[PDB]
Structure formats: C-alpha cells, structure tokens
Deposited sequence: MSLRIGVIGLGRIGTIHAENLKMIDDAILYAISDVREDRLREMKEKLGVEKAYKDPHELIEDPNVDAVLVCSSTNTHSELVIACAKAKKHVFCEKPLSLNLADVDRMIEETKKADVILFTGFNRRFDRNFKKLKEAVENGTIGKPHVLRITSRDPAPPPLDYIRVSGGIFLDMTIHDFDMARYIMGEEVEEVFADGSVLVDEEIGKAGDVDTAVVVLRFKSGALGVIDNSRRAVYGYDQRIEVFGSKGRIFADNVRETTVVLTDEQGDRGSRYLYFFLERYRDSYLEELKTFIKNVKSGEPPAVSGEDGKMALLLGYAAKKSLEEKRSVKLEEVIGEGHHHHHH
C-alpha cells in the first residue's frame, strides 16, 4: 500500500518515518523546498511534490496523510475526496464547524475513508482500559475521571490562533470520554483560570481548566487540564462503576526504585514528545492502513472529530455563561 504524506512538521515527520516499521512511504510534500529534498533523501522516498495536489493525484498514491497546518486541512481533505483517495487528517480536523461538515459530506460521497487523528486512542494503556470497560469488568460505569497535563505551554503566537484550551487541548479528552464510556455527552460545564502565565490571560485564554460531562446514561465525568506540570506529562484515566474501579497511570522512564532515609523514589515520568507519543502514532497509523486494506470504516471517524469540536464550543460557551450548556445549544 503506497502512502503519501503532506506537511513535514513534527507529526508529519513521525508518520513518514514510522512507515518503514509497518505499507510503503511512496510520496512526500512540504512547502519548504529545503526540508522536502532533505527528507526525500533521508527517507528514500520515490516522489517528492512541493504542491499537495500533485501528490493527491499521483495514481500510485492509494492514501493520504494530511499533516499540514490547520487552515489547510479542509481544502486538502476535500481534494482527496475528489481524487478518490482515502485520507487520514491530523488533529484537529478544523476549528470551524461548517468546514468539518463539508469534509465529512465530501468524503462520504467519494466513498473514501476519512480517519481523524486522535492518537491517544492507540496508547496501549488507554486502549486496554477502554476494552476492559467495554467488556463489563467494572460493571455499569458511573464516574469518569480524566487528568491531562502537559509539561509546558506551546508558544504564545500559537496559543493566539489555537481557539483556546478547550479546542486545542481538551479536544483529546472529549474524544477520550466518548471512546471510553461508549456513549454521548449531552451537557458540559467548564471553568478555567490563569495560573501559569499572565500572557495566556492577555491572549484571552486560560492555562488551567475543569470540565464536567453529563452522559446520556446519567453517568458523570470530570476532565481537568493544565498547560504546565513540572514533573512531565500527566495523563491518567479512571472509570468507576457498579462492579469496581479501573485506572490507567502514567509511564515512568524505568522500573528502578531508590530507597534512602526519606523513603522510596521512583523514576522520572515521560517528559519528551517522542518518548511519550511515538508508539501511539505508530499504532494509529497501522490501524488506518489496516482500515484501508480491508475497506473498513475508519477506527476514528470524521464524526468523532466533529463531536469533539462541538463539546469544545459547549465548554467555551459554558465558561462564558457560568452555567452548564446542552449540546443542542451549540449545534
């Protein structure tokens, strides 16, 4: 299976390189010429195109990974529908809802897979907890807890065009909530503060947030987010149900424990992007390919992307109105 990748930023590059551990990297494309040939050589790719559309039209290209900037997503995904190429699109699909509907509509017409880039679904720990809950191991779920904290904020100029913490960061946790609980959120309440850097405040965003979710069954969820955990990534999930509790913890660098007069000390948490995420991207990409090879529905759909976006809008509205907000209000 021949794959073409568009956009060789940090994530496009991970996917491009991961291909040799899977299906074939057959084409790359990026608007920086330097990087383009550098990578054509480095990775040994058959074709390099500086214009995304050529790559989409090359008949040896069975599927496209769109990993370009966000403003670019709608156009390229719609272009793949045209060429009748299956398409994976990195997070987020779009921040504009009408664009999302078109991406969904157009790919549906072309009868081509649209896979949304929610990589955490393929984290081995989160996927295992997902399966156990779905298998009945904690009975009927009552309360979901998600904590998601990054080691540092992204750049301010980024934050300014990000759509805020609920669209840029909580998006992954909204998707995770639906995935793990296996039912829709109907209502959201959100609050957020500026506790890490005054500039995030001046940009109109928050760096610390809590979101409550009310699911169709009556089960409740709480997400909490922070842009700066000094100890590294903190991404934990818990589900509590009629028959017990299940929890997914962080991964540490090592299994080594030092004991001195103050007690035990474990190893540092995962802190760096690649050590934290490379396996989830690898496993996500293999699933996208598996889906294409078998003409399966995508493991993560355009719909999934749209619901996550809608929950983000409900939370932005809740934050401003100081009340919980039903998803209707926002569709």
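- Unmodelled regions of the deposited sequence, numbered from residue 1: 1 to 2, 25 to 26, 336 to 344.
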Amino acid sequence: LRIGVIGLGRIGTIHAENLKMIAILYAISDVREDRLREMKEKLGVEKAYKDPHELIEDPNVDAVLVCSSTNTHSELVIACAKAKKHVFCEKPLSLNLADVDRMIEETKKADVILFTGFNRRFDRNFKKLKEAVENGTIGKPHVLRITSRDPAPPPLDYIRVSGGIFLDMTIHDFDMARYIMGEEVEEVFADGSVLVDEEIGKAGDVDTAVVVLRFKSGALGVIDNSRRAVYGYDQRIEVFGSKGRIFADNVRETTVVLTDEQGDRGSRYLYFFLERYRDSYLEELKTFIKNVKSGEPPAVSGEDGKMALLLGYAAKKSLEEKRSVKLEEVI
From here on, numbers count along this sequence of modelled residues.
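- The question of which stretch, 178 to 186 or 195 to 203, has the higher mean Cα B factor is settled in favour of 195 to 203.
- When the C-alpha B-factors of 85 to 93 and 69 to 77 are averaged, 69 to 77 comes out higher.
- Highest CA B-factor among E303, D279, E46, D264, as stated in the entry: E46.
- Residue set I146, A110, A248, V210: peak C-alpha B-factor at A110 (per PDB entry).
- In the PDB entry, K216 places in the middle third of its chain by CA B-factor.
- Remark: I11 belongs to the middle third of its chain, ranked by C-alpha B-factor as recorded.
- Per-chain ranking of the deposited C-alpha B factor places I223 in the lowest third.
- The entry lists a Cα temperature factor for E253 that places it in the lowest third of the chain's modelled residues.
- In this PDB entry, the Cα temperature factor of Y26 sits in the top third of its chain's modelled residues, the highest group.
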